[PDB]
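Asker: Sharing the initial chains of the complex here, in place:
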Amino acid sequence: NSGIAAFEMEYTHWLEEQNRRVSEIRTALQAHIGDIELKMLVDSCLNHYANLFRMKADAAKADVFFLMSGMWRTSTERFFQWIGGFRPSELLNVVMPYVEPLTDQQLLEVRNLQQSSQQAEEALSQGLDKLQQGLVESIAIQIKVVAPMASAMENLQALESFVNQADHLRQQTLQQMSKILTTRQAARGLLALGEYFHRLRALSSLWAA
Amino acid sequence: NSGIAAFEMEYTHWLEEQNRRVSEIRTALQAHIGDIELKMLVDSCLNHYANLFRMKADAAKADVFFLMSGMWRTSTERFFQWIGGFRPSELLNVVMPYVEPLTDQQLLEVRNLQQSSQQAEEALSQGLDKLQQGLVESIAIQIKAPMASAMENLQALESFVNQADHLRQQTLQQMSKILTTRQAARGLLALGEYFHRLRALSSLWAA
Amino acid sequence: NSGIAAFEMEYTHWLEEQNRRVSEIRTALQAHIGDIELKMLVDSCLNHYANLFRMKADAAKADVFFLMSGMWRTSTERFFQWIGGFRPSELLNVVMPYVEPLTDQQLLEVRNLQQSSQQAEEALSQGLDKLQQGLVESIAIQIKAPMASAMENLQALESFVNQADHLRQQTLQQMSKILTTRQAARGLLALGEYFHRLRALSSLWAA
Amino acid sequence: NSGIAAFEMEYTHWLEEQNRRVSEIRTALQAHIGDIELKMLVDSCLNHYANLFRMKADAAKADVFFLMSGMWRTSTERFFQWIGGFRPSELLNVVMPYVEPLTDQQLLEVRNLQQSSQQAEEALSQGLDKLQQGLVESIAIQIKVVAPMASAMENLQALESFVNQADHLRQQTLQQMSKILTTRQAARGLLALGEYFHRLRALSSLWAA
Amino acid sequence: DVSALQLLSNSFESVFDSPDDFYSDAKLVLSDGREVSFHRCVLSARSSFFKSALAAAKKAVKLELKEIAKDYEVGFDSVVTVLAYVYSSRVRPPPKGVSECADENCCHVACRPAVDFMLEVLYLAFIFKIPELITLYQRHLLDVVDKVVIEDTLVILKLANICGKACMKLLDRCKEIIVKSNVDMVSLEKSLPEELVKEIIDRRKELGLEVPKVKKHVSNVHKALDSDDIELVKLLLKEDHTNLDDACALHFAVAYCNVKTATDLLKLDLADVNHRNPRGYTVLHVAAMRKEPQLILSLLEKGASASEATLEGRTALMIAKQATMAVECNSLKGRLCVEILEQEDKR
């Protein structure tokens, strides 16, 4: 398909730009540069993630099943796949020790974000389970008998609705993190996240040697 | 990965030859031909399934992760993929009305095989859940010994996928031994038409 | 040594010009000329001898042993060689009958020239003999300071050759000053015929 | 004339062979080789001088004056030339210290040879003085008169006789020396003579620098 | 026979003095850019390290000192001394000024330039595997360490650990000296590797000494000051959990943090500049120890008293004099710093 070819080439370019951005983040963090210039790189990184989510929504319209398969990601990342990506609560837990020290106010804000993320995650998981049973039940009927197109249509829209809701949850989680933390703390957390992803890619290579 | 491309080509050709054997068994059952030729056609189909399992095992050696995803099948069949293939208990439910009439002995044999297949499927599915959770946690710790763990876990996945293909071959063997030639032929025809209808419906979502 | 080749060519050309000058005086003497015609031939013959002396000095600076060897002269001439040329008293004796008649004053002047030239000739001959024996002895000692002796003795030989040529021209010019025009011409005619006949004799002999 | 050109080339080759034979006798004396093999080389050298005198007689048969002039030799030997060659009594004095030690018989024989060479030298010198005076007198009368061929031939014959007799005297002096000395003594003296000639020619080169 | 041996020593020392006149075939390049010429046979015989390095390089020869000896930047005069000892077995003394400080009252026995020179020579002797030179300079440092201030004893202990098991005496002496003194826990953590910090804490707690823990919020302030987070320290002080006096944030920023961070910390004006620490140093004393001119200037424009002394009776001028070598007053950082200090003191 043209949409999937475009998505995979676009994703290659996203990965290259993510690498470059990280390489610039670490440099700025080491050179002990001031907050003002660093904030441009931070909001550029967030914009880049936003572009990822937008392009993922575009790919989701073309073929929701491919996005849910995780084939466009490396093998090791697939162990954390859930509706087209990673689990936000675990990535926040992963990065928490490196953004330390947090103030008491920041600590309360982060744990409240964690609780809201967990409850939203459970609700989306239950909704996806319900979708899957409804699809098994509706597909099963089509073969027994010799409306079917309309039902398939609504069912394609339901999958896109789920992936859209997951992308919205991710964008809200990013926004709340960008609002809780200072510029330097946010940069440190983004750095931790980037090194986490790069190490995962290296391990994914290592399992295929 | 040339191995996965080869797997996709072999599986496509497997599907076409499967279609031919289903048509031949359809014509043979409808013409009510004698047991000997039908038995040759049955043995050809079973050999074809055996060849599918062999090539899938070879592909599993190349990349267990791709095989487990079930992506190499069409979208609608993916909803029924249990550990790298279909669930035998569901295909048995599918074919139940078409293998009729069954004798009382055949009914007892089918229900007992069904119970055993369900228990084996449930135990392997639980084992797979445990494997996946342990791999999740071990990768998480590793990112936050690694090579040895990678090798042991690849061996464990290879063993599980082999064991699942073992269950597929064992259930296929047991059912092919329980049933007469004509009932088995009718059931194989029903099974083949099930896949053909599934592929045909899948084509409409792509056209 | 291109110096000796150059000397032999210049001397050949000198001989040709000598032949020309002898022909001009022997032709003008037979035409009963006066004084103007017989004064330029003598002035040119004298200039030609002056050029002879200059060219001999030039050859002497280039090389002394060859000049002393007399091998550039004829055999006949050789029998008369003395320190690089002819003995003036014998050529004077040769020409005396042809420059006659001389006046009493001319006779006394010529005899005084003969006595003075004889004493100078004897002294130069003895000096060359003494030099030659001293070099013989010094070379004998040297083989059986050496370079300084070499150049000093070569310079001494060149100096003796220079004094002998100087004396030759001094004798020439004092004769050109003592005699009137109508006396020198007869002597030059006799000298020229003497040399031409002598070269003829030598040529004829050499065969 | 071709004869004098041939004479000059042959004389060059004679010098080359002299150099070869002297070097060979150097090597032989230095190796202290025995008298028997050495005597052939001595006799070869004597034969070579004999060939020199023969060829000089042939050259004299062409131009006695040129040979007498010494102009075919280099400048320094000319201080010692006498009637077409060297004076034997002085070369004998030159070589005497190198043949030593002499026995009583050898000393008496050599001194007697020296006396005879001296008497011959004076007699030849006087004969040459008389001959050259006779040439002065015969040339004087020939040019004074305005028989000539016969007189020319007679005088050339007299010069040829003088040169030939002097070359004989030289050859007899060499062979008499070869009989009054042993092979060893003769070799020593001939070596001294050869080195004398070579050093003399080298000095004649130094005077022409 | 001692005479012939001394003649050999004199001949090889003359070789070292003019290596181009005695067929020098190798060069040792320092970290500054300068180079010392040497001969391959002498150093292949005297030291095993150079034999191995030269045999590996041969598989005009240049050896980068920044690569072979990598754990301590050594000067030029120390390398000259070590190579002179290699050639002639004679300890060549350093030129005047290098091992002497800018304090005319200092005897230049334990002041910082002499300690630095002795450290450089000892490290060179360890890298080159010359045991006699190692022992001689280890004895020198063991004799002098009891008079040097504790802040330099920290550097001596660091280098003693760099030398591994070859310097057991110096390492143990420096460890005992550091344990007996009242060095801040932050200073040990930021001046020594984790192994040494763990060893010192274990030995201190084993002897029953006072090992107080660090306040968690104060530790948070210190790491915030370490990660260039001024706004973090501000937000934490908003909580009023810590005070800048009890945390000694000025001392930390002046000692270890960046210049711009300390400047931004001073621009808030919420801490007593003349406040002391458990070791007795004021902020101006730490500014003199760092030899950073911008900190000293900004402190003097805020009312820093330069007439206060330490527990040992040493003022800021003395610290500035004993921290700079005499070469700069006979990078112009030290010179400028001491000049500014002197100007302020005379005012």
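Answerer: Received it, and whenever you're ready, just let me know what you need. Numbers count the residues shown, from 1 in each chain, chains lettered A, B, ... in the order given.

Asker: residue contacts, residue E:54?
Answerer: Applying CB atoms under 8 Å, 6 or more residues apart in numbering or on different chains, we find residue E:54 in contact with E:26, E:40, E:43, E:44, E:61, E:63. C-beta coordinates here come from the backbone N, C-alpha and C atoms, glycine included.

Asker: For whichever residue of chain A sits closest to chain E, grab phi and psi.
Answerer: Scanning chain A for proximity to chain E using CB to the nearest CB identifies residue A:101 as nearest, at 3.9 Å. Geometry field for residue A:101 lists phi and psi as phi -80, psi 140, criterion degrees, to the nearest 10.

Asker: my read: it touches residue E:225, true?
Answerer: No. Here residue A:101 lies out of contact with residue E:225, judged by CB atoms under 8 Å, at a distance of 10.9 Å.

Asker: circling back: dump the residue contacts of the residue of chain A closest to chain E.
Answerer: Residue A:101 makes contact with E:220, E:223, E:224, E:232, E:236, according to CB under 8 Å, 6+ apart.

Asker: Let me know the closest of these to residue E:137.
Answerer: Ranked by distance to residue E:137 (CB to CB), those are led by residue E:223 at 38.1 Å.

Asker: Which helix or strand contains the closest one?
Answerer: Assigning secondary structure by DSSP states H and E places residue E:223 in helix E:216-226.

Asker: Tell me which residues of that helix come out buried.
Answerer: Neighbour-count burial for helix E:216-226, counted by 16 or more other CB atoms under 10 Å in any protein chain shown, picks out E:217, E:218, E:219, E:220, E:221, E:222, E:224, E:225, E:226.

Asker: Residue E:16 and residue E:88 touch, don't they?
Answerer: Yes. Under the criterion of CB under 8 Å, residue E:16 lies in contact with residue E:88, with a separation of 6.6 Å.

Asker: Spatially, what comes nearest to residue A:152 if we skip its sequence neighbours?
Answerer: For residue A:152, the nearest residue in space outside its immediate sequence neighbours is residue B:205; the separation is 6.5 Å by CB to CB, 6 or more residues apart in numbering or on different chains.

Asker: Can you name the residues that contact the closest residue to chain A within chain E?
Answerer: With CB to the nearest CB, the shortest gap between chain E and chain A falls at residue E:220, namely 3.9 Å. When contacts are counted by CB under 8 Å, 6+ apart, residue E:220 is found next to A:101, E:236, E:242.

Asker: any idea how far chain C is from it?
Answerer: Residue E:220 sits 106 Å away from chain C when distances are taken as CB to the nearest CB, to the nearest Å.

Asker: again, but for residue E:341
Answerer: Plainly put, residue E:341 is 86 Å away from chain C if you go by CB to the nearest CB.

Asker: what's the closest non-adjacent residue to that residue?
Answerer: Setting aside the residues directly before and after it, residue E:341 is nearest to residue E:320 in space (CB to CB, 6+ apart), at 4.7 Å.

Asker: in which helix or strand would I find that neighbour?
Answerer: Applying DSSP H and E as the criterion places residue E:320 in helix E:316-323.

Asker: what sits up against that helix?
Answerer: Contacts of helix E:316-323 from elsewhere in the structure, counted by CB under 8 Å, 6+ apart, are E:101-103, E:106, E:111-112, E:284-285, E:287-289, E:291, E:306, E:308, E:334, E:337-338, E:341-342, E:345.

Asker: One more: stretch E:2-10?
Answerer: Defining contact as CB under 8 Å, 6+ apart, one finds that stretch E:2-10 is touched by E:88, E:89, E:90.

Asker: From chain D, how far off is the spatially most central residue of chain E?
Answerer: For chain E, the residue nearest the mean C-alpha position is residue E:155 (5.0 Å; CA atoms, centre = their mean). Residue E:155 is 82 Å from chain D, where distance means CB to the nearest CB.

Asker: okay, now chain F:
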Amino acid sequence: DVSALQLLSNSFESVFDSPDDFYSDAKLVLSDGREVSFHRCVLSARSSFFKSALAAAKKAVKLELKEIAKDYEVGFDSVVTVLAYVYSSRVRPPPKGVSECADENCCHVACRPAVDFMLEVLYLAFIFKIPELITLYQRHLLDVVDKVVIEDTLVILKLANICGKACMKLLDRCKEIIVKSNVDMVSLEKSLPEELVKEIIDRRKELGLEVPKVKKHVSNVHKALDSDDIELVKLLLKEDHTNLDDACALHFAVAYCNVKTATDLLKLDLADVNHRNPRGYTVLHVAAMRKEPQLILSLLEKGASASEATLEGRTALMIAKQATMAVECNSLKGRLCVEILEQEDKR
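Answerer: Okay, chain F now, added to the rest:
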């Protein structure tokens, strides 16, 4: 300190003992063809001669010792000793056999091999311009020359004159020893340069010692023997004025003339073979000293008596033993002479 200097000497001695392992850049080749690998820096420092020679050769470096010496053939062990002293400043004794003779009764203090080795080392020290070795080996030769046979003192005096003014004491001692003995004038003329013979004769005359006039016939026969003559001596002996025995012509032909000439003069059978000259040596003793097997065999097959002893009581066996180096009896002309005389004595 002495220990550091000793360590320097040990390191450089180990360098000399394995030159290829320590980057040897020069090779000293001997007269025979053997090579000794040495380093340019060490010899450029210790020897000024080697500095000037290597500076001129540098205009892959080899030095032919047979050319820069070119005045005394030097063995290999003496060269090794001199270079070992140059590197490590200590003398190394040669392998046994080089400084020892074949006489089991000799203590090898003054026999010919020891003197030859000492002379070789002294000449090497002079050429290489090393004054300490010069003085040391000059001392050894001065301490030993008094017990050496005069025929070897001639060689020692020859070397002392060759070795210039650096061995004035040795030269004076050798001249005194030579003029004190009764050495013939012919042997002095043929064994020493012209100036030495003139000086010795002047000293002999001024000291009152007798210098007999050379017998004109004896001198004539000596020149005839020097010119390899065989037919001139029959006339000198046929003139009833000279005498082989009176002139010691057999001794002369065996000592200084060629082998063929001496064999022919002996085959003439016109002189007593067992005649003793002024010194007191027979023709057999001179043949044993010369170490020429043809002369010894021709003497023994004609009737040479071996039981006579010299003035000091030494027989021919002792001389043939004491003239050969011990490694040759453990050029093969020495082994050949000793074994031919031993086998002929067995018959």
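
Asker: once more on the contacts of stretch E:2-10, with chain F this time?
Answerer: Residues outside stretch E:2-10 that contact it (CB under 8 Å, 6+ apart) are E:88-90, F:2, F:5-6, F:8-9, F:12, F:46, F:88-90, F:132.

Asker: Mind doing that once more with 10 Å?
Answerer: Applying CB atoms under 10 Å, 6 or more residues apart in numbering or on different chains, the external contacts of stretch E:2-10 come out as E:1, E:87-90, F:2, F:4-6, F:8-9, F:12, F:42, F:45-46, F:85-91, F:130, F:132-133, F:136.

Asker: what about burial for those, which qualify?
Answerer: The neighbour-count criterion (16+ other CB under 10 Å) marks E:87-90, F:4-5, F:8-9, F:12, F:42, F:45-46, F:85-89, F:130, F:133, F:136 among the contacts of stretch E:2-10 as buried.

Asker: And what about residue E:92, helix, strand or coil?
Answerer: Of the three states, residue E:92 takes coil under DSSP: H, G, I helix; E, B strand; the rest coil.

Asker: who's sitting farthest from the centroid in chain A?
Answerer: With CA atoms, centre = their mean as the measure, chain A has its most outlying C-alpha, relative to the mean C-alpha position, at residue A:146: 41.3 Å.

Asker: Neighbours of the residue nearest to residue E:303 when sequence neighbours are not counted, how many?
Answerer: Nearest-residue entry for residue E:303: residue E:273, 6.3 Å, with adjacent residues in sequence omitted and distances by CB to CB, 6+ apart. Using other CB atoms under 10 Å in any protein chain shown, residue E:273 has 16 neighbouring residues.

Asker: now the helix holding residue E:223 against helix A:183-206, angle please.
Answerer: With axes from the mean of the first three to the mean of the last three CA atoms, to 10 degrees defining the directions, helix E:216-226 sits at 80 degrees from helix A:183-206.

Asker: Pull the distance from helix E:216-226 to the chain's centre.
Answerer: 26 Å (CA atoms, centre = their mean, to the nearest Å).

Asker: Which SSE is immediately downstream of that helix?
Answerer: Secondary structure here is assigned by DSSP H and E; on that basis, the next helix or strand after helix E:216-226 toward the C-terminus is helix E:230-238.

Asker: Next, the contact list for residue E:182, please.
Answerer: Residues in contact with residue E:182 (CB under 10 Å, 6+ apart) are E:150, E:209, E:210, E:278, E:279, E:280, E:311.

Asker: among those, who's most crowded?
Answerer: When neighbours are counted by other CB under 10 Å, residue E:279 leads these with 18 neighbours.

Asker: Contacts only, for that residue.
Answerer: If you count contacts by CB under 10 Å, 6+ apart, residue E:279 has them with E:150-151, E:181-184, E:187, E:248, E:251, E:285-286, E:310-311.

Asker: Residue E:77: which of the residues you listed is nearest?
Answerer: Taking CB to CB as the measure, residue E:77 lies nearest residue E:151 of the contacts of residue E:279, at 23.3 Å.

Asker: burial measure for that closest one, as a count.
Answerer: Burial of residue E:151, expressed as a neighbour count using other CB under 10 Å, amounts to 19.

Asker: for the one 3 residues further on, same thing?
Answerer: Other residues near residue E:154 number 20, with proximity taken as other CB under 10 Å.

Asker: If you check the stretch 1-150 of chain E against chain B, which residue is the closest one?
Answerer: residue E:70 (29.2 Å).

Asker: Give me the secondary structure label for that residue.
Answerer: At residue E:70 the chain is in coil, as set by three-state DSSP.

Asker: looking at the sheet around the spatially most central residue of chain A, what are its partners?
Answerer: For chain A, residue A:85 is the residue whose C-alpha lies nearest the centre (CA atoms, centre = their mean; 4.6 Å). Beta-bridge pairing for residue A:85 (DSSP bridges): residue A:82.
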